Structures are given as structure tokens and as C-alpha cells.
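Trainee: Quick one, input-v2.cif (mmCIF, N, CA and C atoms):
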data_start
#
loop_
_atom_site.label_atom_id
_atom_site.label_comp_id
_atom_site.auth_asym_id
_atom_site.auth_seq_id
_atom_site.Cartn_x
_atom_site.Cartn_y
_atom_site.Cartn_z
N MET X 1 2.90 54.19 -26.56
CA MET X 1 3.51 55.42 -27.06
C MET X 1 5.02 55.29 -26.96
N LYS X 2 5.48 54.38 -26.10
CA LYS X 2 6.84 53.88 -26.26
C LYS X 2 7.04 53.34 -27.66
N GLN X 3 5.95 53.04 -28.37
CA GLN X 3 5.99 52.71 -29.78
C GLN X 3 6.88 51.49 -29.99
N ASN X 4 6.57 50.45 -29.22
CA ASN X 4 7.39 49.26 -29.23
C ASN X 4 7.45 48.69 -30.63
N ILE X 5 8.67 48.54 -31.14
CA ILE X 5 8.88 47.84 -32.40
C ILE X 5 8.88 46.35 -32.12
N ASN X 6 7.96 45.64 -32.74
CA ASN X 6 7.74 44.26 -32.37
C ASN X 6 8.35 43.33 -33.41
N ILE X 7 8.88 42.23 -32.91
CA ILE X 7 9.25 41.09 -33.73
C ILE X 7 8.33 39.96 -33.32
N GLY X 8 7.95 39.11 -34.26
CA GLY X 8 7.37 37.84 -33.89
C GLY X 8 8.44 36.95 -33.31
N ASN X 9 8.31 36.60 -32.02
CA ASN X 9 8.93 35.43 -31.40
C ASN X 9 10.36 35.15 -31.85
N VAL X 10 10.61 33.93 -32.31
CA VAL X 10 11.93 33.51 -32.74
C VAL X 10 12.26 34.13 -34.09
N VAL X 11 13.55 34.11 -34.43
CA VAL X 11 14.02 34.42 -35.78
C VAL X 11 13.39 33.42 -36.75
N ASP X 12 13.35 33.77 -38.04
CA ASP X 12 12.86 32.99 -39.17
C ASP X 12 11.35 33.03 -39.28
N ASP X 13 10.64 33.47 -38.25
CA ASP X 13 9.19 33.43 -38.30
C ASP X 13 8.68 34.41 -39.34
N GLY X 14 7.79 33.92 -40.20
CA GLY X 14 7.22 34.77 -41.23
C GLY X 14 6.58 36.03 -40.68
N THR X 15 6.08 35.96 -39.44
CA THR X 15 5.50 37.13 -38.82
C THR X 15 6.58 38.12 -38.39
N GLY X 16 6.12 39.33 -38.11
CA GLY X 16 6.98 40.43 -37.73
C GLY X 16 6.09 41.65 -37.65
N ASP X 17 6.67 42.83 -37.84
CA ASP X 17 5.84 43.95 -38.25
C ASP X 17 6.29 44.36 -39.64
N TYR X 18 7.20 45.31 -39.77
CA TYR X 18 7.80 45.71 -41.04
C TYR X 18 9.06 46.51 -40.75
N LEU X 19 9.98 46.50 -41.71
CA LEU X 19 11.02 47.51 -41.76
C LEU X 19 10.44 48.85 -42.18
N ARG X 20 9.36 48.82 -42.96
CA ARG X 20 8.61 50.03 -43.27
C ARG X 20 7.88 50.56 -42.05
N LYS X 21 7.04 49.73 -41.44
CA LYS X 21 6.24 50.21 -40.32
C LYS X 21 7.12 50.52 -39.14
N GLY X 22 8.16 49.72 -38.93
CA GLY X 22 9.20 50.12 -38.00
C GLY X 22 9.64 51.54 -38.27
N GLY X 23 9.86 51.86 -39.54
CA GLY X 23 10.03 53.24 -39.92
C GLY X 23 8.87 54.04 -39.40
N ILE X 24 9.18 55.10 -38.66
CA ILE X 24 8.24 56.04 -38.05
C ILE X 24 7.63 55.41 -36.81
N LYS X 25 7.64 54.09 -36.74
CA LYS X 25 7.56 53.47 -35.43
C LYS X 25 8.88 53.68 -34.72
N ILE X 26 9.96 53.44 -35.44
CA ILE X 26 11.27 53.77 -34.92
C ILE X 26 11.39 55.27 -34.68
N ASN X 27 11.01 56.08 -35.66
CA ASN X 27 11.44 57.47 -35.67
C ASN X 27 10.63 58.31 -34.71
N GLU X 28 9.30 58.19 -34.77
CA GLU X 28 8.48 58.90 -33.81
C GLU X 28 8.86 58.52 -32.39
N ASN X 29 9.06 57.22 -32.16
CA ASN X 29 9.49 56.78 -30.84
C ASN X 29 10.64 57.65 -30.37
N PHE X 30 11.66 57.78 -31.21
CA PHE X 30 12.69 58.77 -30.96
C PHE X 30 12.05 60.12 -30.67
N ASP X 31 11.43 60.70 -31.69
CA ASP X 31 10.85 62.02 -31.58
C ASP X 31 10.06 62.12 -30.30
N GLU X 32 8.97 61.36 -30.22
CA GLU X 32 8.14 61.37 -29.03
C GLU X 32 8.98 61.27 -27.76
N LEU X 33 9.67 60.15 -27.59
CA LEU X 33 10.57 59.97 -26.45
C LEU X 33 11.54 61.13 -26.34
N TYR X 34 12.30 61.37 -27.41
CA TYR X 34 13.42 62.31 -27.31
C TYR X 34 12.94 63.74 -27.21
N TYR X 35 11.99 64.12 -28.06
CA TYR X 35 11.54 65.51 -28.08
C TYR X 35 11.03 65.94 -26.71
N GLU X 36 10.76 64.98 -25.83
CA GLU X 36 10.46 65.33 -24.45
C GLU X 36 11.57 66.20 -23.89
N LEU X 37 12.70 65.58 -23.57
CA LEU X 37 13.85 66.33 -23.11
C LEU X 37 14.67 66.84 -24.29
N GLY X 38 14.86 66.00 -25.29
CA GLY X 38 15.71 66.38 -26.39
C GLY X 38 15.14 67.52 -27.18
N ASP X 39 13.82 67.66 -27.10
CA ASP X 39 13.07 68.84 -27.52
C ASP X 39 13.65 69.46 -28.78
N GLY X 40 13.56 68.74 -29.88
CA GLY X 40 14.21 69.15 -31.11
C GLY X 40 15.69 68.87 -31.05
N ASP X 41 16.49 69.83 -31.51
CA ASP X 41 17.89 69.58 -31.85
C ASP X 41 18.60 68.75 -30.79
N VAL X 42 18.82 69.34 -29.62
CA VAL X 42 19.80 68.82 -28.68
C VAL X 42 19.09 68.54 -27.36
N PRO X 43 19.39 67.42 -26.71
CA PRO X 43 18.82 67.17 -25.39
C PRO X 43 19.50 68.04 -24.36
N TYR X 44 18.74 68.38 -23.33
CA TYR X 44 19.21 69.30 -22.32
C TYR X 44 19.42 68.55 -21.02
N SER X 45 20.69 68.40 -20.64
CA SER X 45 21.00 67.84 -19.33
C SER X 45 20.37 68.68 -18.23
N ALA X 46 20.07 69.94 -18.53
CA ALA X 46 19.26 70.79 -17.68
C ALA X 46 17.77 70.54 -17.86
N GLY X 47 17.39 69.65 -18.76
CA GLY X 47 15.98 69.32 -18.93
C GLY X 47 15.28 70.25 -19.90
N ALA X 48 14.16 69.78 -20.43
CA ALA X 48 13.37 70.52 -21.41
C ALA X 48 12.06 70.99 -20.80
N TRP X 49 11.78 72.27 -20.96
CA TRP X 49 10.55 72.88 -20.48
C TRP X 49 9.86 73.52 -21.67
N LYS X 50 8.56 73.33 -21.77
CA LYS X 50 7.80 73.79 -22.93
C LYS X 50 6.68 74.68 -22.44
N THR X 51 6.73 75.96 -22.83
CA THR X 51 5.92 76.99 -22.20
C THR X 51 4.44 76.77 -22.47
N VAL D 886 78.81 67.30 -110.15
CA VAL D 886 80.17 67.73 -109.89
C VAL D 886 80.17 69.24 -109.76
N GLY D 887 81.25 69.79 -109.20
CA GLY D 887 81.36 71.22 -109.05
C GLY D 887 80.72 71.74 -107.79
N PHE D 888 79.83 70.96 -107.19
CA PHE D 888 79.17 71.34 -105.96
C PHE D 888 79.54 70.36 -104.87
N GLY D 889 79.79 70.89 -103.68
CA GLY D 889 79.63 70.14 -102.46
C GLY D 889 78.18 70.24 -102.03
N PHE D 890 77.89 69.71 -100.86
CA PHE D 890 76.59 69.85 -100.22
C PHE D 890 76.80 69.58 -98.75
N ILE D 891 75.84 69.99 -97.93
CA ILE D 891 75.91 69.77 -96.49
C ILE D 891 74.75 68.88 -96.09
N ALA D 892 75.01 67.94 -95.18
CA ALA D 892 74.05 66.89 -94.85
C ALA D 892 73.81 66.83 -93.35
N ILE D 893 72.59 67.17 -92.95
CA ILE D 893 72.06 66.88 -91.62
C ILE D 893 71.21 65.63 -91.74
N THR D 894 71.23 64.80 -90.71
CA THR D 894 70.48 63.56 -90.70
C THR D 894 69.41 63.63 -89.63
N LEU D 895 68.43 62.74 -89.73
CA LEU D 895 67.25 62.73 -88.88
C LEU D 895 66.77 61.30 -88.72
N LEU D 896 65.83 61.09 -87.80
CA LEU D 896 65.13 59.81 -87.73
C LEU D 896 63.75 59.95 -87.10
N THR D 897 62.88 59.02 -87.46
CA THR D 897 61.53 58.91 -86.92
C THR D 897 61.34 57.51 -86.36
N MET D 898 60.33 57.36 -85.52
CA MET D 898 60.04 56.07 -84.90
C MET D 898 58.55 55.80 -84.95
N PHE D 899 58.20 54.61 -85.44
CA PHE D 899 56.82 54.25 -85.74
C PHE D 899 56.40 53.11 -84.83
N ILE D 900 55.50 53.41 -83.89
CA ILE D 900 55.25 52.56 -82.74
C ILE D 900 53.75 52.49 -82.47
N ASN D 901 53.24 51.27 -82.30
CA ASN D 901 51.84 51.07 -81.94
C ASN D 901 51.70 51.04 -80.43
N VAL D 902 51.06 52.07 -79.90
CA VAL D 902 50.56 51.99 -78.54
C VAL D 902 49.23 51.25 -78.50
N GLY D 903 48.32 51.63 -79.40
CA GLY D 903 46.91 51.36 -79.20
C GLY D 903 46.50 49.92 -79.36
N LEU D 904 47.14 49.19 -80.28
CA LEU D 904 46.74 47.81 -80.52
C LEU D 904 46.66 47.03 -79.21
N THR D 905 47.54 47.35 -78.26
CA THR D 905 47.49 46.70 -76.96
C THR D 905 46.25 47.11 -76.19
N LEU D 906 46.00 48.41 -76.10
CA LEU D 906 44.79 48.90 -75.47
C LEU D 906 43.56 48.26 -76.09
N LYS D 907 42.64 47.87 -75.22
CA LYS D 907 41.30 47.46 -75.61
C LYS D 907 40.45 47.51 -74.36
N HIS D 908 39.19 47.18 -74.53
CA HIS D 908 38.37 46.79 -73.40
C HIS D 908 38.39 45.28 -73.28
N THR D 909 38.73 44.80 -72.10
CA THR D 909 38.77 43.36 -71.89
C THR D 909 37.36 42.79 -71.88
N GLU D 910 36.59 43.09 -70.84
CA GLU D 910 35.21 42.64 -70.78
C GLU D 910 34.47 43.50 -69.78
N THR D 911 33.15 43.52 -69.95
CA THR D 911 32.27 44.34 -69.15
C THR D 911 31.35 43.42 -68.37
N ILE D 912 31.15 43.72 -67.10
CA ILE D 912 30.19 42.92 -66.35
C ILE D 912 29.27 43.84 -65.56
N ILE D 913 28.28 43.24 -64.91
CA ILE D 913 27.20 43.96 -64.27
C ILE D 913 26.71 43.11 -63.10
N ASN D 914 25.71 43.59 -62.36
CA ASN D 914 25.27 42.87 -61.17
C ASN D 914 23.81 43.16 -60.85
N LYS D 915 23.20 42.21 -60.15
CA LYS D 915 21.81 42.26 -59.75
C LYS D 915 21.72 42.32 -58.23
N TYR D 916 21.05 43.34 -57.72
CA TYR D 916 21.04 43.61 -56.29
C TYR D 916 19.63 43.89 -55.79
N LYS D 917 19.39 43.56 -54.53
CA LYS D 917 18.17 43.96 -53.86
C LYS D 917 18.49 44.95 -52.76
N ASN D 918 18.13 46.21 -52.98
CA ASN D 918 18.50 47.29 -52.07
C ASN D 918 17.51 47.38 -50.93
N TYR D 919 18.02 47.43 -49.71
CA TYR D 919 17.15 47.56 -48.55
C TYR D 919 17.05 49.04 -48.24
N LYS D 920 15.91 49.62 -48.59
CA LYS D 920 15.60 51.02 -48.40
C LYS D 920 14.71 51.25 -47.20
N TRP D 921 14.36 50.19 -46.49
CA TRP D 921 13.11 50.10 -45.75
C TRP D 921 11.99 50.33 -46.73
N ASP D 922 11.01 51.11 -46.29
CA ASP D 922 9.91 51.58 -47.12
C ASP D 922 9.33 50.45 -47.95
N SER D 923 9.07 49.33 -47.29
CA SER D 923 8.43 48.21 -47.97
C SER D 923 7.69 47.31 -47.01
N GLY D 924 6.66 46.65 -47.53
CA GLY D 924 6.14 45.46 -46.91
C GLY D 924 6.79 44.23 -47.50
N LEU D 925 6.56 43.09 -46.86
CA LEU D 925 7.07 41.80 -47.35
C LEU D 925 6.51 41.28 -48.67
N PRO D 926 5.23 41.53 -48.89
CA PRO D 926 4.28 40.43 -49.03
C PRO D 926 4.67 39.24 -49.90
N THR D 927 5.16 39.44 -51.11
CA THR D 927 5.32 38.28 -51.98
C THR D 927 6.28 37.28 -51.37
N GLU D 928 5.83 36.04 -51.30
CA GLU D 928 6.58 34.89 -50.81
C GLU D 928 6.98 35.14 -49.35
N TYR D 929 8.19 34.76 -48.95
CA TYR D 929 8.58 34.59 -47.56
C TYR D 929 10.04 34.21 -47.47
N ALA D 930 10.56 34.12 -46.25
CA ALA D 930 11.54 33.11 -45.89
C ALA D 930 12.69 33.04 -46.89
N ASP D 931 12.78 31.91 -47.59
CA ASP D 931 13.76 31.70 -48.64
C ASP D 931 15.14 31.76 -48.00
N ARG D 932 16.01 32.66 -48.41
CA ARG D 932 17.34 32.75 -47.83
C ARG D 932 17.26 33.01 -46.34
N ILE D 933 17.93 32.15 -45.60
CA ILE D 933 17.94 32.19 -44.15
C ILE D 933 19.37 31.99 -43.70
N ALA D 934 19.90 32.97 -42.97
CA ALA D 934 21.25 32.82 -42.44
C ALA D 934 21.34 31.61 -41.53
#
Output the file's structure as C-alpha cells, nothing else.
Mentor:
Amino acid sequence: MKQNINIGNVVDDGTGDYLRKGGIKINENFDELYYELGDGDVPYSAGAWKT
Amino acid sequence: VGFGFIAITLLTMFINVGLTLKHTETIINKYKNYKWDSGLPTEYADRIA
């Protein structure tokens, strides 16, 4: 759920994941990770609480 | 005879601006835009830094 964006091994390798799949792998990771404390717009140095 | 007359003079100037103006040449370009939102699949590799 850290939603690790994976690369295959060394550079040049035909394997990878995608710049597409990274998309929303990248973004949710933000959302998921961030929306915890960042809870939408702005992160709270006072922390995020969800009723 | 019997008449004088009064004479004002004038001048005009005939000049080509436009013959110089033209379009020199037109060019264009071929690009591959990285939008994400794609898979690889066709081929591979190729250009490698």
C-alpha cells in the first residue's frame, strides 16, 4: 500500500512497470500516504483526525 | 499672352516596400510526446542514453 513504484534492476532493461501504471501508482501512493495526515488539501503539522 | 498665372509645385514618390517582403521558407517537426498514459509494447530499447 506504500504502492512501491518498481523498476527492473539496472537501467536499459526491457522490464519495468509503466509510466502509465506508475500513474496512479504514483498518485494514490501520494493520496493514500498523504491523505492520512495531509487529509486532502493541506497536511496538518497538528495531525489529521477523521471522525 | 495677357495673362499671368500662379504656380505651386508638388512631388510624389514611388517606392516598392513589398517586393522585398516574402516568406523565406516553412519548416515543421516530428515529436514523440511523453504524456504518460501508455504502455511500451511495440519494440523496445532503441535509443539509449
Trainee: Counting only C-alpha atoms, a student should be able to say which residues of chain D come within 7 Å of chain X; what is the right answer, written as an NGL selection string?
Mentor: :D and (921-924 or 929-930)
Trainee: Atoms to include: N, CA and C atoms. Write the selected residues as a compact mmCIF listing (two decimals), in the frame of the given file.
Mentor:
# COMPACT_ATOMS: atom_id res chain seq x y z
N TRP D 921 14.36 50.19 -46.49
CA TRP D 921 13.11 50.10 -45.75
C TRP D 921 11.99 50.33 -46.73
N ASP D 922 11.01 51.11 -46.29
CA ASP D 922 9.91 51.58 -47.12
C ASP D 922 9.33 50.45 -47.95
N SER D 923 9.07 49.33 -47.29
CA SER D 923 8.43 48.21 -47.97
C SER D 923 7.69 47.31 -47.01
N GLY D 924 6.66 46.65 -47.53
CA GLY D 924 6.14 45.46 -46.91
C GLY D 924 6.79 44.23 -47.50
N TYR D 929 8.19 34.76 -48.95
CA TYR D 929 8.58 34.59 -47.56
C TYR D 929 10.04 34.21 -47.47
N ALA D 930 10.56 34.12 -46.25
CA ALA D 930 11.54 33.11 -45.89
C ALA D 930 12.69 33.04 -46.89
Trainee: For the atom pair atom CA of residue X:50 and atom CA of residue X:27, what is the interatomic distance in Å to one decimal place?
Mentor: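 Distance reported for this atom pair: 21.0 Å.
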Trainee: Tell me, in Å to one decimal, how far atom C of residue X:10 is from atom N of residue X:30.
Mentor: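 According to the coordinates, atom C of residue X:10 and atom N of residue X:30 are separated by 23.8 Å.
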Trainee: Taking only chain X into account, list the residues labelled helix (DSSP H, G or I) by DSSP (computed from the backbone), as a ChimeraX atom specification.
Mentor: /X:19-37
Trainee: Expressed in Å to a single decimal, how great is the separation between atom CA of residue D:920 and atom CA of residue X:40?
Mentor: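 Going from atom CA of residue D:920 over to atom CA of residue X:40, I get 25.1 Å.
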Trainee: When you count all atoms listed in the file, which of these residues is closest to residue X:48: X:36, X:29, X:8, X:1?
Mentor: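 Checking each candidate against residue X:48, we get X:36 as the closest.
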